[PDB]
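Student:
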Amino acid sequence: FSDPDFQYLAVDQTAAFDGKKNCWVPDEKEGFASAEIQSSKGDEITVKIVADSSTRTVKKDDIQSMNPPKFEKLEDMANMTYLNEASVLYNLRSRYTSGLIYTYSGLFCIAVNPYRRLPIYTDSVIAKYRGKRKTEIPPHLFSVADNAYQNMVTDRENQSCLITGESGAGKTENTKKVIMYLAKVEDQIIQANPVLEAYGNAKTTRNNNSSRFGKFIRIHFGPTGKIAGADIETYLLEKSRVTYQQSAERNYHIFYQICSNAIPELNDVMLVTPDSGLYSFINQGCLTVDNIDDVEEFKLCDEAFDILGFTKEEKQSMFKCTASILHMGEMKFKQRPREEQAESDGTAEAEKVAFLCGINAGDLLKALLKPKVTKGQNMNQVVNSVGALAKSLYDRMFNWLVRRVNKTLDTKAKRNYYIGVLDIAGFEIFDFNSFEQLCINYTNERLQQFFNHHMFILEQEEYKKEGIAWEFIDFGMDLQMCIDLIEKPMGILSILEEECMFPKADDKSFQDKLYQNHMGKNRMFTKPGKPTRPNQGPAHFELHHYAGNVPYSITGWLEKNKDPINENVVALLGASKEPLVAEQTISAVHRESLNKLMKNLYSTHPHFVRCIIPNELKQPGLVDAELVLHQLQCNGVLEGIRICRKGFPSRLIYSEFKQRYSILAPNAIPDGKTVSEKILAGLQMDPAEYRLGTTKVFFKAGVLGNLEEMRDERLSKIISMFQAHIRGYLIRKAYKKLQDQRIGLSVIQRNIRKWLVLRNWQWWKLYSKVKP
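If you want this note's numbering, it's the position in the sequence shown, counting the first as 1, plus 263.
#1: Using the C-alpha atoms, what's the distance from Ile-383 back to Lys-395?
#2: Give me the DSSP bridge partner(s) of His-781.
#3: Excluding the 5 residues preceding and the 5 following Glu-348 in the sequence, name in chain order all residues of the same chain whose CB lies nearer than 8 angstroms to its CB.
#4: Between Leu-664 and the rest of its own chain, which residues show a CB-CB distance below 8 angstroms, the 5 nearest in sequence each way excluded?
#5: Using a Cβ-Cβ cut-off of 6 angstroms (strictly less than) and excluding sequence neighbours within five positions of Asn-812, which residues of its own chain qualify?
#6: Less than 8 angstroms between the beta carbons of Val-407 and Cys-372, yes or no?
#7: Confirm, please, whether the CB-CB distance from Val-960 to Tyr-917 is below 8 angstroms.
#8: So what does DSSP say about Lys-677, is it helix, strand or coil?
#9: Whose C-alpha, out of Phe-269, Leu-337 and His-988, is nearest the C-alpha of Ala-390?
#10: Using a Cβ-Cβ cut-off of 8 angstroms (strictly less than) and excluding sequence neighbours within five positions of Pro-331, which residues of its own chain qualify?
#11: So residue 1092 packs on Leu-425, CB below 8 angstroms; how close in whole Å?
#12: Any idea if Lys-478 is buried or exposed, counting beta-carbon neighbours within 10 angstroms, 16 or more meaning buried?
#13: When you compare only the Cα positions, how much space is there between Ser-983 and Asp-949?
#14: Compare the C-alpha of residue 248 against each of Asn-669, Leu-777, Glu-566 and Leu-541 and name the closest.
#15: With 16 as the cutoff for other CB atoms within 10 Å, does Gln-700 come out buried or exposed?
#16: Between the beta-carbon of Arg-419 and the beta-carbon of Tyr-681, is there less than 8 angstroms?
#17: How about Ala-374 and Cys-874: are their beta carbons less than 8 angstroms apart?
#18: Spatial neighbours of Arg-905 within its chain, please: C-beta separation below 7 angstroms, excluding the five flanking residues on both sides.
#19: Inspect the CB distances between the stretch 298 to 306 and the stretch 853 to 868 and report whether three or more fall short of 8 angstroms.
#20: What first and last residue would you give for the alpha helix (DSSP H) that runs through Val-649?
#21: In the DSSP assignment, find the beta strand (DSSP E) that holds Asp-494 and state where it starts and stops.
#22: Keeping to the same chain, check which residues put their C-beta closer than 8 angstroms to that of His-853; ignore five residues upstream and five downstream.
#23: Taking only runs of the beta strand (DSSP E) that begin and end inside the stretch 822 to 889, which ones reach a length of at least 3 residues, in chain order?
#24: Output the distance between the C-alpha atoms of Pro-883 and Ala-432, rounded to the nearest integer angstrom.
#25: Name the DSSP bridge partner or partners of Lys-311?
#26: On the DSSP letters alone, give me the boundaries of the alpha helix (DSSP H) that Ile-517 sits inside.
#27: For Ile-731, which residues does DSSP report across the bridge?
#28: Under a CB-based cut-off of 8 angstroms, is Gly-488 close to chain C?
#29: In the DSSP assignment, what are the bridge partners of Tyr-367?
#30: How many angstroms separate the CA atom of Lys-292 from the CA atom of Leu-890?
#31: Let's see if you can read the secondary structure: which residues bound the beta strand (DSSP E) around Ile-994?
#32: Answer yes if the stretch 617 to 625 comes into contact with the stretch 831 to 842, meaning at least three C-beta pairs across the two stretches below 8 angstroms, and no otherwise.
#33: For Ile-746, which residues from the same chain have a beta carbon less than 7 angstroms from its beta carbon, with the 5 sequence-adjacent residues on both sides left out?
#34: According to the neighbour-count rule (16 or more other Cβ atoms, all chains shown, within 10 Å of its Cβ), is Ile-400 buried or exposed?
#35: Quick one: what does DSSP say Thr-706 is sitting in, helix, strand or coil?
#36: Go through its chain and collect everything with a Cβ distance to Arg-319's Cβ below 6 angstroms, but skip five positions before and after it.
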């Protein structure tokens, strides 16, 4: 439209294209290659690669139909002739290398990570997307958000966006832009991310800012359609990162912010020396982070605590408890050759800890080396309960922190409906995978299957409900299994959960008790295979997850699932001086949180966002077709589009249908659901072009346009017929006048001729004369 605001948003296409020569042939580097057939030979087709101009043969049933230049960089792929793994990958990759990272796949959106900042989120751009209908303006995430708003409003129901994708794709960035969008059409809301991300994110090999907790944020709206409140829910924070961090990875962001000197004034409040590589608990893996300024992030994080409305004490309570942790791990120890119970190796660092938590350093190390009926601990039983404490504190801080930020957002204003946004942590496969990952992965599964349900299983159901017409289609997309292998009655987790309650148990009775149940009785469970990446640590079994095969090491899974902090120290802290500090298995608990989340989701009109990681190098604008193509597979994109093209997108409530299409067979209408049964029956309508429904009618594509055709026609006729009626009334009205005047004239004509001839009568003449 000439609008500068569309530089990286609007698509910028002819000749050399033979619909019978040109096709898609499998490739190892690009996934699919542009080929031009040369010679058939039964099944052995011989094509020429347009690129290098090399030649090769390919099974005939492995060629894919290419799309004509008519659909270059198409905005909506459901409108393409061919929706196959090679047409889709080509369209995306086409757009992507041109700045366009958003594309509709039918009813849901596709976002391909830019790995660079784009001027497409400005307020200038937001102005243009407001109240726009998806086809009206280029593809954009705003459009998805803007539309969910309109639906909640007009349709009067809750909306929801499940933004999915792999780890490092764009789930978080896009979730934030949605809120930022909905907020712009408030300040604290936007400001809750900086603090939650500082405490629940960390550098990882995959993501320099990896989210380590699940986030579901609902945004409430009032009677004038404006933001009237908001709440946040979080899930499974990586308690483990606190004390441990695999190489090339960092601990949570805060810890590094705290040791930068963004606010020197605070150094003495926390008792920290501005050196991160000084504290064991946070210098295991990485220290710095290409493109993350811990100095400035600390400032902004501090700045954000203010805007959130945090008293200075409150926000110093936070900072201290977390700096305290930086010390729990500095407390050295020793034995004392004899019994070993264990003795300390100083007390300097163990005091700073008791200090910051407002408890006696004495009473501490005491209830830590001989927990009370007493029961002393050895030299490791201690260093490990130290970690048990660090982890458990941080899990309470993070939880309290969220409760508090909701305090600031649960405005008691008036709520109508809302729009939630789900950002759950995605699939991730590392060199070594353990309980933490199974949990994240089980989580991500789960979700995918939701899309499968609501997308295929679902669509057809409604067709039935409304009572339209249709024949089923098996898209073969179910993971209930994988899901089942992990969650169901005797599943993986259920086995582990019943294994924790036994003090006798260990990493081997658990490992054996597992094969005992699923080896060979479920094909998703398979003995560990062979290395597909160097440094590939131990693996005890493999799971075939939607987006990958994961070799899981089950060592230490028993303690990881049953938490364990000296019930003693919990007493110390129970009555600590600091006001903050003073204030079921994990598996079962989480399984439950998750089930509850899912339950909350189902009651929604979902709009889906699909994130896609362009490559394994974290560099921008570079594509790895194999990987891309690979995602366009485990995510169900293509199929996700077939039904949009295949299916019955119409839908009408018999109440509004009877009112609009009764006038098409009124000589058959003596209940809104039967009246229509009649109308559409009268019209001798093909059972094909429509379907039943409980509360609504489903008309195949185009049909409704054609009904509005017949609808007009009749409405025009009828209007003519009433005009005919008016023509006939006026005519007949003036009928006497032509019969009446014919008489009324004969009177006058015959009755004047009389008075005329009577005056020409001698007698009358003479008579008239005498008169006087």
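Note that the Cβ used here is the ideal one computed from N, Cα and C, for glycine as well.
Tutor: Let me lay it out:
#1: Counting from 1 along the sequence shown, the entry for residue 395 is found at position 132. Counting from 1 along the sequence shown, the entry for residue 383 is found at position 120. Each residue's Cα considered, the two are about 16 angstroms apart.
#2: One-based indexing of the sequence shown puts residue 781 at position 518. None; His-781 has no bridge partner.
#3: Here residue 348 is taken as the residue at index 85 of the sequence shown, counted from 1. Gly-294, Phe-295, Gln-327, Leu-892, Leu-895, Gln-896 and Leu-901, listed in sequence order.
#4: For the purposes of this step, residue 664 is taken as the residue at position 401 of the sequence shown. Counting only Cβ-Cβ distances below 8 angstroms, and skipping sequence neighbours, we find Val-458, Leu-459, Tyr-462 and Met-581.
#5: In the sequence shown, the residue the question calls residue 812 occupies position 549. In chain order, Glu-805 place their CB closer than 6 angstroms to the CB of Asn-812, counting only its own chain and leaving out the 5 sequence neighbours on each side.
#6: Indexing the sequence shown from 1 puts residue 407 at position 144. Indexing the sequence shown from 1 puts residue 372 at position 109. Pairing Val-407 with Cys-372 gives a Cβ-Cβ distance under 8 angstroms.
#7: Within the sequence shown, the letter at position 654 stands for residue 917. Within the sequence shown, the letter at position 697 stands for residue 960. Less than 8 angstroms separates the beta-carbon of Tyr-917 from that of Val-960.
#8: Walking along the sequence shown from the start, residue 677 turns up at place 414. In this structure, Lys-677 counts as coil in the three-state DSSP scheme.
#9: Within the sequence shown, numbered from 1, the residue matching residue 390 stands at position 127. Among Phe-269, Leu-337 and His-988, the Cα nearest to that of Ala-390 belongs to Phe-269.
#10: Locating residue 331 in the sequence shown gives position 68, counting from the first residue. Excluding positions up to five away in sequence, the list reads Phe-280, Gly-282 and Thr-344.
#11: Only positions 264 to 1035 of the chain appear in the structure, and residue 1092 is not among them; the question remains open.
#12: Numbered from its first residue, the sequence shown carries residue 478 at position 215. Flag for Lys-478 reads buried.
#13: Here the question's residue 983 lines up with position 720 in the sequence shown. Here the question's residue 949 lines up with position 686 in the sequence shown. Cα-Cα distance, rounded: 30 angstroms.
#14: For residue 248 there is no data in the structure shown, the boundaries of the chain being 264 and 1035.
#15: Taking the sequence shown and counting its residues from 1, the one referred to as residue 700 is at position 437. So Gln-700 counts as buried.
#16: Here residue 419 refers to the residue found at position 156 when the sequence shown is read from its first residue. Here residue 681 refers to the residue found at position 418 when the sequence shown is read from its first residue. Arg-419 is not a Cβ neighbour of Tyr-681, given a cutoff of 8 angstroms.
#17: Taking the first residue of the sequence shown as position 1, residue 374 is located at position 111. Taking the first residue of the sequence shown as position 1, residue 874 is located at position 611. In contact: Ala-374 and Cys-874 (Cβ atoms closer than 8 angstroms).
#18: For this step, residue 905 is matched to residue 642 along the sequence shown. In chain order, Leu-346 place their CB closer than 7 angstroms to the CB of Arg-905, counting only its own chain and leaving out the 5 sequence neighbours on each side.
#19: Using a C-beta cut-off of 8 angstroms, the stretch 298 to 306 makes no contact with the stretch 853 to 868, since fewer than three inter-stretch Cβ pairs fall below that distance.
#20: What you label residue 649 is simply residue 386 of the sequence shown in a count that begins at 1. Counting along the chain, the alpha helix (DSSP H) containing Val-649 begins and ends at 642 to 672.
#21: Residue 494 sits at position 231 when you count from the first residue of the sequence shown. For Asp-494, the enclosing beta strand (DSSP E) stretches over residues 490 to 498.
#22: Reading the sequence shown from its first residue, position 590 is the one you call residue 853. Closer than 8 angstroms at the Cβ level, and outside the excluded window around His-853, lie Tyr-498, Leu-499 and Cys-702.
#23: If we require 3 residues or more, the beta strand (DSSP E) runs fully inside the stretch 822 to 889 come out as 868 to 875.
#24: Taking the sequence shown and counting its residues from 1, one reaches residue 883 at position 620. Taking the sequence shown and counting its residues from 1, one reaches residue 432 at position 169. Approximately 12 angstroms, taken between the alpha carbons.
#25: One-based indexing of the sequence shown puts residue 311 at position 48. According to DSSP, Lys-311 shares a beta bridge with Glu-299 and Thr-318.
#26: Locating residue 517 in the sequence shown gives position 254, where the first residue counts as 1. Per DSSP, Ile-517 belongs to the alpha helix (DSSP H) from 516 to 520.
#27: One-based indexing of the sequence shown puts residue 731 at position 468. In DSSP, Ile-731 forms a bridge with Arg-954.
#28: Absent here is chain C; the protein component of the structure consists of one chain.
#29: Here residue 367 refers to the residue found at position 104 of the sequence shown. According to DSSP, which records beta bridges pairwise, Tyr-367 is partnered with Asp-339 and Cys-372.
#30: The residue you call residue 292 lines up with position 29 of the sequence shown. The residue you call residue 890 lines up with position 627 of the sequence shown. Rounded to the nearest angstrom, the gap between the Cα atoms of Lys-292 and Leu-890 is 10 angstroms.
#31: As a first step, residue 994 must be located in the sequence shown, where it is residue number 731. Where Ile-994 is concerned, there is no enclosing beta strand (DSSP E), although the alpha helix (DSSP H) it sits in stretches over 966 to 996.
#32: Contact between the stretch 831 to 842 and the stretch 617 to 625 is present, because at least three Cβ pairs lie under 8 angstroms.
#33: Here residue 746 refers to the residue found at position 483 when the sequence shown is read from its first residue. So the list reads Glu-708, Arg-709 and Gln-712, once near-sequence residues are dropped.
#34: Along the sequence shown, read from residue 1 onward, the residue named residue 400 stands at position 137. Per the 10 Å Cβ criterion, buried.
#35: Taking the first residue of the sequence shown as position 1, residue 706 is located at position 443. Per DSSP, reduced to three states, the secondary structure at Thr-706 is helical.
#36: Residue mapping note: residue 319 aligns to position 56 of the sequence shown, counting from 1. There are no such residues.
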